[PDB]
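Visitor: All I have is the shape, not the residue letters:
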Ligand code: CLA
Ligand code: CLA
Ligand code: CLA
Ligand code: CLA
Ligand code: CLA
Ligand SMILES: CC1=C(/C=C/C(C)=C/C=C/C(C)=C/C=C/C=C(C)/C=C/C=C(C)/C=C/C2=C(C)CCCC2(C)C)C(C)(C)CCC1
Ligand SMILES: CC1=C(/C=C/C(C)=C/C=C/C(C)=C/C=C/C=C(C)/C=C/C=C(C)/C=C/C2=C(C)CCCC2(C)C)C(C)(C)CCC1
Ligand SMILES: CC1=C(C/C=C(\C)CCC[C@H](C)CCC[C@H](C)CCCC(C)C)C(=O)c2ccccc2C1=O
């Protein structure tokens, strides 16, 4: 399973969520930004590590980070 | 005509004109002064 | 093939200097050079080059000569495109110089 | 030549020069276990300064033996 | 899940074929195993170093055994000029009778290999004369290898495991190693030379039978304890001495003559004896420097804390570096590999020009093989030095324990470092390539008198400073009225001058504008490889494209296509890109070495002087010309003894080309192809009853770069070794 | 904090525009952690010209 | 002379190479008519060859054991033995023209950064401003050392760096 | 008494060329694919 972390520089633009091809991230209530939205990664067991989320994030630097960890059958994207 | 000179002011056109000028200047120098190795 | 074709028939190209076929020797060497030059693009990746460009950009900033158009490393697909284009140009031009020098001298 | 005079004189010179004028500097820079010498000039100090004495004495003997 | 690999349960739970390759590639990276502590790390490293020692001594015992049983060593020593050294016999049942006839060269019973490794000259110089001595040496070294293997097993046992304080004791280890392992070993080798190897060259057998009854000097130990040490330099070997006999012999055991023996064209044994004796005394003195449990000695942390200059030009100086060398193992391995690679370059550079062993430098293939071998060894070791330095920066560097010292101030001005390395690389490339292309255009257009030939007056100035009377500078060793010339004249200069004014040896070869251009190409290759390696070491913590690069590690594939694309961004990838330049640079130095020595050995150095100033002369007169007998190793008319090097030449071209596939084509093509293969196997009847246990996937990106660079380098080495050995052995 | 249109300087070291000059767009007056909105005339590697910063990461210079 | 090199006017392989090139040109010449255009072209080639060898022997070049001109790159040795026109005067000529180009480019960059569209002036060249800076850049070493002595040649540490600096 | 006999290549070369590589690859393949308890 890979390691996906969310950092407090998130501005709740929801871009990372709508970029993941695997439905790993979601938006939660929060009070740290004007949008009152923060990302969260409750389903990192299905994450393949494609890093579309990191591409979609506007902040400098990134507020979502994917650390490629141990591989499984789900993280390798195997249909077999 | 203003737009044609603006197009002539673009980067590849000026690079073409300037390298034609520089190469032609070197070519005329190597013609009238054949084979300079020293001085 | 290595000895009787390539090695044997490149005699004409490698000894074409000092005659009218010398340009085929020059383009033999030049084509070998361009072919090898393609391998830098084909074997590498733009992350390294972007960081190198970062250091060079710092050096230009130090002397107030940093351009307003920000120096960027070539894209991944442009790296591949430049690679394959110089690869093809090099190889084909090599065989071109070999063929023409050979067949014009022994023809 | 006189080997015993050169070796004994070089050893005596280096042991005296480490016993009297270079003892306190070596103690300041360093800051078996106990001898009754009044300056703490123990066995390992004797070994080091006598090693330097034998080394310089045999160097003098060798350079003299080449006659150069 | 599966057992293998037992050090990583993250790899053990991998259902793919990635598990096997990543268990192989991560077996010896002990710092990142499951449950690895620091004591366990040092203990496994200590046992692994024992294992390497045992493999080295088993390798040497195998060389000795195959020379003693299958070589012609007892026949080689009688006429070492005209008899080829035999490595080992060939039993290849795939052979035919022409191959068995052609590899039965002489003087052998069957097919044998002719050695280029130079072990006969070394063994004959150090005193071997018979095969039985080599059998005794092989049995002794197999016994020593078994002892080191048992000690590697032994120091892992729980009553024999050393503590962490034993490994981090730096002063005791430097004192014992510099005293014992260097000075006592050099003193014992002086003892071997004096007691055995000098009398064997005098025609007298000294073995374990009679060494307690044969005096090395006719007055034993009376000049040593009288201090009359010049008595051991009296009556050296005459300049008409036949090596291995008593004709023209001497009595001295410790001389300093200079130059070479006249017959063997090699260094004097008494010079090497007094060499090892002097450096033995120097290392035993140097090993009494640091403070162990005896009160006297230097304290290394106090030395590092002292050397901080005023005005703050080094900041905090060397403060806090003792806890970064002693606590880190990658820093120590980087220092060790930097030193050993530079020393290996030194070994090659001083063994081609000052050949130590008897009848070396008349065996030309041995010269070329030894130089090329140790130069490529040095190149790989230097790239490993910079790689483990980048690994130090990623894993072991603590910035708070280095606040203001020299190592942090290197990270502070890293852009100026990389920029000035970029400047010298671009300068040397533009002007060296421009001068070569200019001279090629002058040679093509028929006018060689126009070509830019810059004379190397600085290295010729150095050669005149060392005593070479060809360039007419006449200063400091070349002028008779010099102080250094007059002071060194009685003792070591008359051999050095006779050997340096000979143009038939490799001692300070005559140089010119080709040598100019190639030395600047060598500077280009060194500065470029240093640029990639230093830039990988310094941008390892992070760059502006990737500020958190230290959080991913040393060897990660990429960071994805975002931010413009980040391919080859890790420090491992900078190592990967620098191995190509290392191979390039050592290829330049070995093409240059080999072609200048081929033109020396043939006689026409004018051929190198005329053709090395333009790259078509290289391609025509070194690569095309010297590969005629190589590629004629087999042909439709027959075969000869060079057919194995022709097959290995094509073999290297093939492995090179196959590595281009992994370097050019990348993963996702192959993963889609393997998915179609998985479908094709699971749908084919009567073969889908057999099914894989590990799921087939493509090679990973980092694995692709390693496999491509591996095939690339192996094909590079086999191609050049085949060409070099075949040309130098076939034409001489 | 700083006012609209004023020039500031960035002290976040892992930013693209660290040690560089931008222009303040707005400062949010809520309890947001990064209220200072600064535009930059040049874009980063992701093509973005706007970032949010804290108060101690900007200096009106 | 220097490094055991003979002068080219004294070297014998130099005259041998001159005679060999004239021999190749006259062997190519002797298969045409007298007043034809290939004959005129080859006679002009032979004239330029003789003039080039006379000019190289005139300038005091040093030839080797193969009869080719060698260059001397040491300021004091070449100024002592009269070889300053082959590396030393060419290196200061190159530094003049290279610093010319660099100073004109730097002044163009600083001139176009002070506008509302610096990149748009970088793509489409302001030709009158470029020609003005190109003519004014002849006093570039004086202006370069003056910008060096005022501290305006360098940017301070407002540069872009990485988080470990 | 060191010299191995004249038939020693004809036995030792196919031994370490075929038989010990086969035993080694078979033992390693069984060790790779073993399930953990
Ligand atoms: C001096 C001793 C020394 C020691 C003790 C180490 C120890 C280490 N190195 Mg270092 N290093 C060294 C020298 C050393 N290295 C040298 C000489 C180089 C230059 C090649 C390097 C370059 C280097 C890199 C780039 C890396 C290491 C890494 C490592 C660590 C793990 C090694 C591993 O598990 O891979 C196991 C090794 C293999 C599976 C080798 C595979 C086979 C290779 C590719 C060669 C294949 C050629 C083949 C044999 C030819 C056959 C031809 C055929 C026709 C016969 C370990 C700490 C790694 C690390 O620290 O990661 C953070 C790492 O990434 N080393
Ligand atoms: C023969 C093939 C080849 C060549 C010429 C180069 C050249 C270079 N490499 Mg590359 N490299 C190569 C193979 C090659 N490499 C391979 C196989 C790899 C492994 C992937 C690399 C990996 C690599 C790394 C990792 C790095 C380099 C760097 C460099 C540059 C070094 C500095 C220098 O010498 O500037 C001199 C310039 C040249 C020699 C190039 C020739 C330029 C010509 C003469 C100018 C244009 C001429 C003409 C007008 C063009 C007309 C074309 C027409 C269509 C318009 C240089 C451009 C380094 C760098 O960028 O340093 C600044 C660097 O860090 N290379
Ligand atoms: C790039 C490095 C470099 C190198 C290796 C050389 C090498 C040399 N220089 Mg040169 N030189 C250089 C650059 C270099 N130069 C530069 C940049 C300048 C301008 C400052 C000079 C100006 C110059 C003059 C005026 C003279 C030399 C001379 C020499 C030769 C002997 C010098 C000596 O013995 O002192 C050791 C070498 C050095 C310390 C290297 C630096 C050289 C400095 C700059 C000048 C040293 C001159 C020396 C003190 C005078 C010796 C007199 C001689 C009769 C014995 C030697 C071949 C002398 C000569 O012509 O001998 C035949 C001489 O008279 N050089
Ligand atoms: C416009 C003027 C200009 C100036 C003053 C500089 C200055 C510098 N460059 Mg940069 N550079 C430039 C343009 C410039 N560069 C261009 C156009 C490129 C290619 C895209 C580069 C690519 C580059 C690299 C890769 C490196 C440098 C380096 C350097 C530094 C060392 C000198 C050198 O080696 O340059 C060598 C020159 C080049 C490599 C290319 C120059 C091309 C032409 C001749 C200059 C451009 C003319 C310009 C378009 C004229 C417009 C004026 C007109 C509109 C009025 C120095 C600070 C090096 C460094 O960082 O060391 C500290 C270094 O490694 N430069
Ligand atoms: C270690 C270095 C080494 C190398 C590279 C070789 C290479 C060779 N040996 Mg030699 N051998 C060696 C040491 C070596 N030997 C030693 C020290 C002895 C004395 C015991 C022998 C006794 C010997 C005989 C009797 C014969 C050979 C033969 C050969 C040739 C055919 C291969 C073979 O079947 O050998 C087989 C190897 C042995 C019989 C001894 C090796 C035993 C050691 C302990 C193995 C070490 C294990 C190793 C480190 C790791 C293996 C496991 C790993 C691969 C997974 C080949 C040239 C044959 C030959 O001459 O053909 C013409 C042959 O008949 N060897
Ligand atoms: C008690 C007393 C006293 C006395 C004292 C004395 C007498 C002392 C002495 C001491 C001594 C007497 C010491 C010695 C020491 C020595 C040593 C310690 C040595 C060492 C040596 C060495 C180390 C050597 C080495 C070598 C060799 C072996 C070889 C050659 C080289 C050389 C030389 C290096 C008095 C009276 C004052 C007073 C009272 C008290
Ligand atoms: C990355 C890294 C690293 C690495 C680095 C390296 C790898 C380096 C290399 C280095 C090197 C590789 C160096 C070298 C050096 C050398 C030298 C510096 C030398 C010098 C010499 C001399 C000085 C000599 C002189 C002389 C002569 C010439 C003759 C006369 C006499 C005499 C002897 C005086 C480390 C680990 C730190 C860690 C951190 C990171
Ligand atoms: C060398 C290399 C680069 C660096 C190459 C670059 C950045 C291209 C440089 C082209 C020219 C030299 C720069 C533009 C020159 C301008 C026209 C400026 C004017 C210059 C005047 C002299 C005309 C990559 O960006 C790259 C990316 C992906 C995979 C491989 C590679 C790769 O191998």
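Guide: Structure received. Residues are numbered from 1 along each chain as shown, chains lettered A, B, ... in the order given. Ligands and ions are numbered 1, 2, ... in the order given.
Visitor: so which helix or strand takes in whichever residue of chain E sits closest to ligand 5?
Guide: Of all residues in chain E, residue E:62 sits closest to ligand 5, at 2.7 Å by CB to the nearest ligand atom. All C-beta spots, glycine's among them, are computed from the backbone N, C-alpha and C. In the assignment (DSSP states H and E), residue E:62 maps to helix E:38-70.
Visitor: and that helix, does that touch ligand 1?
Guide: No - residues of helix E:38-70 are not located near ligand 1 by CB under 6 Å from any ligand atom, the shortest gap being 7.2 Å.
Visitor: how about that helix: buried residues?
Guide: For helix E:38-70, a neighbour-count test (16 or more other CB atoms under 10 Å in any protein chain shown) marks E:41-43, E:45-47, E:50, E:53-54, E:57-58, E:60-61, E:63-70 as buried.
Visitor: By proximity to chain H, which residue of chain F wins?
Guide: residue F:14 (41.5 Å; CB to the nearest CB).
Visitor: repeat for chain C
Guide: Closest point on chain C to chain H, by CB to the nearest CB, is residue C:2, at 29.2 Å.
Visitor: hmm, back to that, what's around the residue of chain F closest to chain H, how many residues?
Guide: By other CB atoms under 10 Å in any protein chain shown, the residues close to residue F:14 number 15.
Visitor: quick one, helices of chain G?
Guide: Using DSSP state H, the helices of chain G run over G:12-29, G:37-58, G:75-81, G:88-112, G:118-123, G:127-136, G:140-150.
Visitor: Is the third one in proximity to chain E?
Guide: Yes - for helix G:75-81, a contact with chain E is found by CB under 8 Å from any CB of the partner chain, at residue G:77.
Visitor: residues in chain B within reach of chain E, list them.
Guide: Contact residues (CB under 8 Å from any CB) of chain B with chain E: B:35, B:37.
Visitor: Kindly recompute the last result at 10 Å.
Guide: Residues of chain B lying close to chain E (CB under 10 Å from any CB of the partner chain) are B:35-37.
Visitor: Any of those buried? List them.
Guide: Buried members of the residues of chain B next to chain E, scored by 16+ other CB under 10 Å, are residue B:37.
Visitor: hey, where'd the strands end up in chain A?
Guide: Secondary structure of chain A (DSSP state E): strands at A:3-6, A:26-29, A:37-40, A:64-67.
Visitor: and the residue of chain E closest to ligand 5, what does it touch?
Guide: Each residue near residue E:62 by CB atoms under 10 Å, 6 or more residues apart in numbering or on different chains is listed here: E:88, E:138, E:141-142, E:145.
Visitor: cool, residue G:133 as well?
Guide: Going by CB under 10 Å, 6+ apart, residue G:133 touches G:103-108, G:110-111, G:126.
Visitor: Number of residues surrounding whatever residue of chain G ends up closest to ligand 6?
Guide: Using CB to the nearest ligand atom, the closest approach of chain G to ligand 6 is made by residue G:3 at 45.7 Å. When counting by other CB under 10 Å, one arrives at 22 neighbours for residue G:3.
Visitor: if we can go back for a sec, tabulate the strands of chain A (TSV), appending mean neighbour count and distance to residue E:601.
Guide: Below are the strands of chain A laid out as TSV (neighbours: other CB atoms under 10 Å in any protein chain shown; distance: least, CB to CB, whole Å):
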stretch	mean neighbour count	distance to residue E:601
strand A:3-6	18	62
strand A:26-29	13	76
strand A:37-40	19	72
strand A:64-67	21	58
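Visitor: May I see those organised as a markdown table, with distance to ligand 2 added?
Guide: Below are these laid out as a markdown table (distance: least, CB to the nearest ligand atom, whole Å):
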| stretch | distance to ligand 2 |
| --- | --- |
| strand A:3-6 | 30 |
| strand A:26-29 | 42 |
| strand A:37-40 | 37 |
| strand A:64-67 | 26 |
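Visitor: Now tabulate those strands in JSON lines and tack on distance to residue E:660.
Guide: Output for the strands of chain A, formatted as JSON lines (distance: least, CB to CB, whole Å):
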{"stretch": "strand A:3-6", "distance to residue E:660": "35"}
{"stretch": "strand A:26-29", "distance to residue E:660": "45"}
{"stretch": "strand A:37-40", "distance to residue E:660": "43"}
{"stretch": "strand A:64-67", "distance to residue E:660": "31"}
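Visitor: So which of these is nearest residue E:687?
Guide: Closest of these to residue E:687 is strand A:64-67, at 38.7 Å (criterion: CB to CB).
Visitor: Show residues contacting that closest one.
Guide: With CB under 10 Å, 6+ apart, strand A:64-67 has contacts from A:2-7, A:9-10, A:15-17, A:19-20, A:24-25, A:39, A:41, A:44, A:47-57, E:548, E:551-553, E:556, E:559-560.
Visitor: which SS state does the residue nearest the centre of chain F fall under?
Guide: By CA atoms, centre = their mean, chain F has its centre lying nearest to residue F:38, at 3.5 Å. Following DSSP: H, G, I helix; E, B strand; the rest coil, the label given to residue F:38 is strand.
Visitor: The closest residue to it other than its chain neighbours: neighbour count?
Guide: The shortest distance from residue F:38 to any non-neighbouring residue, by CB to CB, 6 or more residues apart in numbering or on different chains, is to residue F:22 (4.1 Å). Around residue F:22 sit 23 other residues, with neighbours defined as other CB under 10 Å.
Visitor: right, is stretch B:28-39 up against chain G?
Guide: Yes - counting by CB under 10 Å from any CB, contacts between stretch B:28-39 and chain G involve B:34-39.
Visitor: Now do that stretch: distance from first to last residue.
Guide: Stretch B:28-39 has an end-to-end distance of 18 Å (criterion: CA to CA, to the nearest Å).
Visitor: Name the residues of stretch E:420-433 that come out as buried.
Guide: E:421-422, E:424-425, E:428-429, E:432.
Visitor: Point me to the residue of chain B nearest ligand 8.
Guide: Relative to ligand 8, the nearest point of chain B is residue B:15 (5.6 Å; CB to the nearest ligand atom).
Visitor: do whichever strand or helix holds that residue and ligand 4 meet?
Guide: Per DSSP H and E, residue B:15 falls inside helix B:11-32. No - using CB under 6 Å from any ligand atom, helix B:11-32 never reaches ligand 4; the gap is at least 8.1 Å.
Visitor: tell me what that helix is packed against?
Guide: helix B:2-8, helix G:127-136 (3 or more CB pairs under 10 Å, 6 or more residues apart in numbering or on different chains; DSSP states H and E).
Visitor: who's in contact with the shortest one?
Guide: Spelled out, it's helix B:2-8. Contacts for helix B:2-8 (CB under 10 Å, 6+ apart): B:13-14, B:17, G:124-125, G:127.
Visitor: circling back to that earlier point, out of the residues of chain B next to chain E, which one sits closest to chain G?
Guide: Of all the residues of chain B next to chain E, residue B:35 has the smallest distance to chain G: 4.9 Å, by CB to the nearest CB.
Visitor: list the contacts for the residue lying closest to the closest one once chain neighbours are set aside?
Guide: Spatial nearest neighbour of residue B:35, excluding adjacent residues (CB to CB, 6+ apart): residue G:52 at 4.9 Å. Residues in contact with residue G:52 (CB under 10 Å, 6+ apart) are B:34-37, E:447, E:449-450, G:18, G:21.
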